[PDB]
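S.K.: Handing you a structure now.
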Ligand SMILES: [Ca+2]
Ligand SMILES: [Ca+2]
Ligand SMILES: [Ca+2]
Ligand SMILES: [Ca+2]
Ligand SMILES: [Ca+2]
Ligand SMILES: [Ca+2]
């Protein structure tokens, strides 16, 4: 048969072979039409039936894909279908499809609800067709000396002026900066002038938005907003003006504010994907203690049966028909991977170490799953708490990873409770302290259905927020702090846990991007941010990168090292200070880790006090220079320096081979953190940078 889906697979940055391009066709522009056949064919034609006449396009094979294209789409409603000739001589015919071309209209088709003096009253254009209103474009005025920071966590640069981007939740495996994508976008930005005054805007939607930040038109920010699948709309844009902090507070009052967290989150976080047994985890905790490099948190990723992510590997039990288990249902074999996980957690707590387990908002369904995982999947479907396709069948994951897995519907309270109740015993009986809520970007399709009533056009970006919220609610209900550790998010994520910068290679450029990611995230209200120090993918980072990264991480909200799965092959890829030292031949790394972890400990009373102030003032912890020094234009030339709370200025050494590093100090007096040497602000200072130094300056109070 012939397959054609006008919107295709709905990958946000890629087209499939069986769709229209653009998906919402526009009169006057080219339209590419694609289709696939299940079997091999010799010919394939596309018939387009306009009101007054017909047209036949003889399609060409592409890479069983077929394609044709119309150079200049006429502004008329039509009908189209495909016809193929199979190799054995059969004529195959598709269903009929509608083609309602849109055009941009300056009529008051809808209303943009917005205040402030930057909105250009005549700029609104509505993309309309006989079928509805699909998107809207409007413009905001920007002045010559203005800088634009926001749109969530960004990996390319601090100031987004001169760039074109969008806000859509997406999984970009590595090189996020190079591709200009992110796991945690937000349709919001603050605009700051060189006199220190600011304004900001928030498009109040969870649908996709695009931004042309004075890239095409030098004095205009062009904003494009998706209006969704059920196409007289009202688009609400919140605005604020005042100091940079007033603008961020305005947004947080609508989005939500960071939650309170326990002190233990500020110690060193240890993690390694290949720690897949109780002995492997404990071997590393024993080495931390033996080397005098204390950890406060251990994250275990490869802890479960790798099928349902609900039960420790090798645990024995009477299987369930998809209902939740309790602590006592499990017997752990002494020769197994986890002989006494309760005992591990108990011993680690006595040593002052908390435990965090990995999760994914997906339920595998494939070929070789055991009866427990298949049952758990069928009970999920049967409960009805699953994201569904338009036809009411369960949504099957369209990504290459976890192919065809189901997605729990975490949009309603009942849905969240059904998924998290399966994990309650981990918190209540085994006593774990939190979860690494990885993923959340798997929902593609504007016509998916959620139990909250929203369709995919709205629910897909909202998904990671609901996901983090679900686990935070579980933890709260079990008497604990809502410590979730996530990578994806959207507006509203501010109120749900902690965040890390995602997956990257062990490179200098990635280190530079990570800094930008943290600062830009802080600027959108993501307070508790961390990253995989020195990168988690590929061969271990060279000694110098590890050293510089470890030092930088020491002066960031969440200090954490992690390593990617590598099939337990040689050589060992853990990002432990000892493994990196072994592999690189640089013994000093262990002393450096000791040195900075000692500094981290001495810094914990400061981090705790500054976090209290951040919650009261609304300011970030990992803080861009403009929050406190916006009346000083020179800050913009040093976008990778940042404040850590009110008192410390941090400037990570991000180049290989540097023996000195230059830092720009704003007005006031500054004190060298390591030597006590006092410098006068308002100029550049050069600091010698042996590996046991990262330029840090404290305001003289
Ligand atoms: Ca108008
Ligand atoms: Ca049972
Ligand atoms: Ca004991
Ligand atoms: Ca992962
Ligand atoms: Ca590499
Ligand atoms: Ca308060």
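Numbering (the entry's author numbering), first residue to last: 1 to 63, 91 to 258, 261 to 730.
Ideal placement from N, C-alpha and C gives every residue a C-beta, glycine not left out.
Buried or exposed: which applies to residue 713, given that a residue is buried once 16 or more other Cβ atoms fall within 10 Å of its Cβ?
M.R.: exposed
S.K.: Please state the DSSP three-state secondary structure of residue 96.
M.R.: The three-state secondary structure of residue 96, taken from DSSP, is strand.
S.K.: On the criterion of 16 or more Cβ atoms from any shown chain inside 10 Å, does residue 508 qualify as buried, or is it exposed?
M.R.: exposed
S.K.: Can you find the residues in the same chain that come closer than 7 Å, C-beta to C-beta, to residue 651, ignoring five residues on each side of it along the sequence?
M.R.: 547, 548, 551, 558, 585, 586, 671 and 673
S.K.: Let me confirm a value: residue 477 is counted as buried when at least 16 other C-beta atoms fall within 10 Å, else exposed. Which label applies?
M.R.: buried
S.K.: Under 6 Å: does the beta carbon of residue 467 sit that close to some heavy atom of ligand 4?
M.R.: yes
S.K.: Are the CB atoms of residue 521 and residue 344 nearer to each other than 7 Å?
M.R.: no
S.K.: Would a C-beta distance cut-off of 7 Å place residue 481 and residue 441 closer than the cut-off?
M.R.: yes
S.K.: For ligand 6, any of its heavy atoms closer than 6 Å to the Cβ of residue 645?
M.R.: yes
S.K.: May I ask you to check if the CB of residue 166 is nearer than 6 Å to at least one heavy atom of ligand 1?
M.R.: no
S.K.: What is the DSSP secondary structure of residue 607, reduced to helix, strand or coil?
M.R.: helix
S.K.: Following a CB-centred definition, is residue 567 positioned closer than 6 Å to any heavy atom of ligand 5?
M.R.: yes
S.K.: Does DSSP classify residue 168 as helix, strand or coil?
M.R.: strand
S.K.: By DSSP, does residue 553 sit in helix, in strand, or in coil?
M.R.: coil
S.K.: Is it buried or exposed for residue 501, if we count other Cβ within 10 angstroms and need 16 for buried?
M.R.: Label assigned to residue 501: buried.
S.K.: Could you tell me whether the stretch 215 to 225 touches the stretch 261 to 281, where touching means 3 or more Cβ pairs closer than 8 Å?
M.R.: yes
S.K.: For residue 162, which residues of its own chain have a beta-carbon under 7 Å away from its beta-carbon, when the five flanking residues on both sides are left out?
M.R.: 154, 251, 252, 253 and 254
S.K.: So for residue 201, helix, strand or coil by DSSP?
M.R.: coil
S.K.: In chain order, what residues place their C-beta within less than 6 Å of a heavy atom belonging to ligand 2?
M.R.: Every residue passing the under-6 Å Cβ criterion appears here: 347, 349 and 358.
S.K.: What does a CB cutoff of less than 6 Å around residue 228 pick up in its chain, not counting 5 residues either side in sequence?
M.R.: Excluding positions up to five away in sequence, the list reads 266 and 268.
S.K.: Please work out which residues of its chain come closer than 6 Å, Cβ to Cβ, to residue 351, disregarding the five sequence neighbours upstream and downstream, and give them in chain order.
M.R.: Within the same chain, residue 351 has close Cβ partners 404, 405 and 408.
S.K.: Could you spell out where the beta strand (DSSP E) holding residue 239 opens and where it closes?
M.R.: 236 to 240
S.K.: Which class does residue 637 belong to by DSSP, given the choice of helix, strand or coil?
M.R.: If DSSP states are grouped into helix, strand and coil, residue 637 belongs with the helices.
S.K.: Is residue 592 closer than 7 Å to residue 604 when the C-beta atoms are compared?
M.R.: yes
S.K.: For residue 619, which three-state DSSP category applies?
M.R.: helix
S.K.: Closer than 6 Å by C-beta to residue 473: which residues in its own chain qualify, once you throw out the five before and the five after it? Chain order, please.
M.R.: Annotation for residue 473: 10 and 427 place their beta carbon closer than 6 Å to its own, counting only its chain and skipping 5 residues before and after.
S.K.: Between which two residues does the alpha helix (DSSP H) harbouring residue 275 extend?
M.R.: 273 to 284
S.K.: Residue 455 to residue 564, Cα distance in whole Å?
M.R.: 29 Å
S.K.: Could you pull the start and end residues of the beta strand (DSSP E) that residue 485 belongs to?
M.R.: Premise fails: residue 485 lies in the alpha helix (DSSP H), 485 to 506, not in any beta strand (DSSP E).
S.K.: Please go through the same chain and pick out, in chain order, the residues whose beta-carbon is closer than 7 Å to the beta-carbon of residue 639, but skip the five residues on each side of it.
M.R.: Only 650, 674 and 675 meet the Cβ criterion.
S.K.: In chain order, what residues of the same chain lie with their CB nearer than 7 Å to the CB of residue 84, ignoring the 5 residues before and after it?
M.R.: Between 63 and 91 the numbering of the chain has a gap, and residue 84 falls inside it, with no coordinates.
S.K.: Taking the beta strand (DSSP E) that residue 717 falls in, what are its first and last residues?
M.R.: 712 to 717
S.K.: Around the C-beta of residue 703, are 16 or more other C-beta atoms found within 10 angstroms, so that it is buried, or is it exposed?
M.R.: exposed
S.K.: Does the pairing of the stretch 191 to 207 with the stretch 532 to 541 give three or more beta-carbon distances under 8 Å?
M.R.: yes
S.K.: Could you tell me which residues DSSP puts in a beta bridge with residue 21?
M.R.: 32
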